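Quick heads-up: it's one chain on its own, the form solved without this ligand, in structure tokens.
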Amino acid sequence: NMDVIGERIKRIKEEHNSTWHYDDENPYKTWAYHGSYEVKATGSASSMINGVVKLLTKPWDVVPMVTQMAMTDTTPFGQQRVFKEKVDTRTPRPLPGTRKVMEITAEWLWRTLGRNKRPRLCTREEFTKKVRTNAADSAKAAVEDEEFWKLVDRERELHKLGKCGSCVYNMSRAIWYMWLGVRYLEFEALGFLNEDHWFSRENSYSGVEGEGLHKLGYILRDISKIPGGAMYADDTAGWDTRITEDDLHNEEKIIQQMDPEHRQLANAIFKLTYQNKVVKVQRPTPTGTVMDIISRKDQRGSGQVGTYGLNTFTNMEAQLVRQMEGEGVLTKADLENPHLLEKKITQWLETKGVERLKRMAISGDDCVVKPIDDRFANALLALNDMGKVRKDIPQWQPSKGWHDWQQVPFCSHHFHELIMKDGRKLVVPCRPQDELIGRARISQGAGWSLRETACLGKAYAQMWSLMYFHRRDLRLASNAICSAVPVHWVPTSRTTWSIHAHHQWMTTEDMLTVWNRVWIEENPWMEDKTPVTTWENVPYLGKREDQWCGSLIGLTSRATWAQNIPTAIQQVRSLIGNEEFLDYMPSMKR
């Protein structure tokens, strides 16, 4: 293991030799520990509160889920216990027949994914353009510095020699340059999966990359039309910690489709930073805070570029294998058998494969599968053997499915079919409201002006206008926030890091115009392109469903809040100053 990780540890060791030691009382049981060095503590036990949002969402001040979200630990104290709970585990090795099935499925899945697209290297100017269009943190400063690009080249020359000196995953400007450069190199070799949308629904069949939250519901409604059993959506208990050495080696087969110069750099990312890794993790001690140097040959680093794609790939593979078991193609005897017949797996993949991929919606560890029947509910031998053990359910207890696509959980959401006042149907995203309000009430970090705060608030308000307008409490709170925040202030900072977010709310353009573009114009499932002229024609969930999904509708405190909301708007306005404000409350029934 050391002839791959040695150089990186050697560099950390030399750089921090002042405080470098072997802390014999380290908590690593499954990870190989190398040593520690003293550092300053990072993060907090709490989260900064967005006063603009809080002042306009008073009934949620006394709501447990909302209070819970204001917390979330990021200190070495919080970092160490979260690591213990899942990261410090070992997945047993899948059986020889399981390993063969995964291999046959991996090979076929990669050829299917690359039937039209061809892998390619990603560039310095692609990364640069991305870093620029993200902020508009000190990554823009590094990208602008030619000295950063020089280290990148030095590291790349080591990678071409099959060596690694600075690619360390984290749980002066020199170390920041080494991190952003490690991320650039991985972006260079594996970014094409994201940048050239390999997991789009059109290229992957099961995939949903680049579709967006507003489309996921319509995708599930279309899967519901496919004849078969119920729709299954099983969560995996810590997916990234369940990525085996066999998963990594199967994921690596993509290098076969690459040009020699691309294959060489991609092989370097896989072999040196995925199938081997050097990790940095903050740990508190009775004599301060230390940064530990750990390593392992398996599991997925959640921060990395290829994480979404390679998780989508392995889940598609895992679900195809579970479908084969459901159909009686794979038996218990087959999974135990090294010499299992490749023929029947190839026969099933070449005749039923694509059709079987079309029965699924897969986004990283999130899957929705509509098998040909319900034998799938009890097809658990391979899923458990592959290491993809379902969360909070006895290992051999049959999976429970849904016969209504609207009850199906996918990507922290459920989806509703709404009938508009004109009779047209919408399929909308939904989640418990407390999670939405609770998240909007969190401002990111310290040293933030009221201006930056009001703009983040405006961003959350407009995201709600576009994605969650059907939630009565959120349309009101959204209008209230947009009334309290000056009209020309541009929503700045992201509301989410979600791959399903396309941030159409990050504008000063009229939200009803934007709504019409997303839900009517650009909506492939909206045949009638007649615009909606008024927010009064933009539908809500039925009162019942709105209440079932967390609404305070019908409560006194909520009616009080709704009644006295111009007072709170005025309070926020007076504190902001003599700016230009537009009153968005008239756009509502009140």
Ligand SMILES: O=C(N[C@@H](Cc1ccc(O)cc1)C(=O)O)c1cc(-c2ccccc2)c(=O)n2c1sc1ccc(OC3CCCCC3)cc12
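Only the largest set of C-alpha atoms that superpose within 1.5 Å between the two forms is called the rigid core. Residue positions are given as counts along the sequence shown, with the first one as 1.
Taken in 6 other deposited structures of this protein and fitted on the core, 172-180 and 435-443 differ in how far their Cα atoms move from the shown form, and the one that moves more is 172-180. In 6 other deposited structures of this protein, superposed on the rigid core, the segment with the larger root-mean-square CA displacement between 445-453 and 322-330 is 445-453. Figure legend: residue 136 is marked as unmodelled in at least a third of the other comparable entries of the protein. Missing coordinates between residue 446 and residue 447 amount to none of the deposited residues, so the segment is unbroken.
Per the record, residue 171 and residue 172 are separated by 10 or more deposited residues that are missing from the model.
Higher average CA B factor: 45-53, of the stretches 45-53 and 58-66.
Taking only CA atoms, the mean B-factor in the PDB entry is higher for 29-37 than for the other of 29-37 and 536-544. In this structure the maximum Cα B-factor among 399, 264, 204, 492 is found at 492.
Residue set 498, 244, 275, 287: peak C-alpha B-factor at 287 (per PDB entry).
In the deposited entry, the Cα temperature factor of residue 505 sits in the middle third of values across the chain's modelled residues.
When the CA B factors of the chain's modelled residues are split into thirds, the value for residue 564 lands in the highest one.
Compared with the other modelled residues of the chain, the Cα B-factor recorded for residue 218 ranks in the lowest third. Looking at the C-alpha B-factors along this chain, the one for residue 301 belongs to the highest third. Residue 348: CA B factor in the middle third of modelled residues in this chain (values from the PDB entry).
The same protein has a further form, the form solved in complex with this ligand, not shown here; the description that follows concerns it.
In the entry with it bound, every residue of the candidate spot (179, 194 and 302) has a heavy atom lying within 4.5 Å of this ligand.
Only one of the listed residues (371, 401, 306, 217) places a non-hydrogen atom within 4.5 angstroms of this ligand in the entry with it bound, and that residue is 306. The stretch from 261-269, 307-315, 275-283, 244-252 that comes within 4.5 Å of this ligand in the entry with it bound, counting heavy atoms only, is 307-315.
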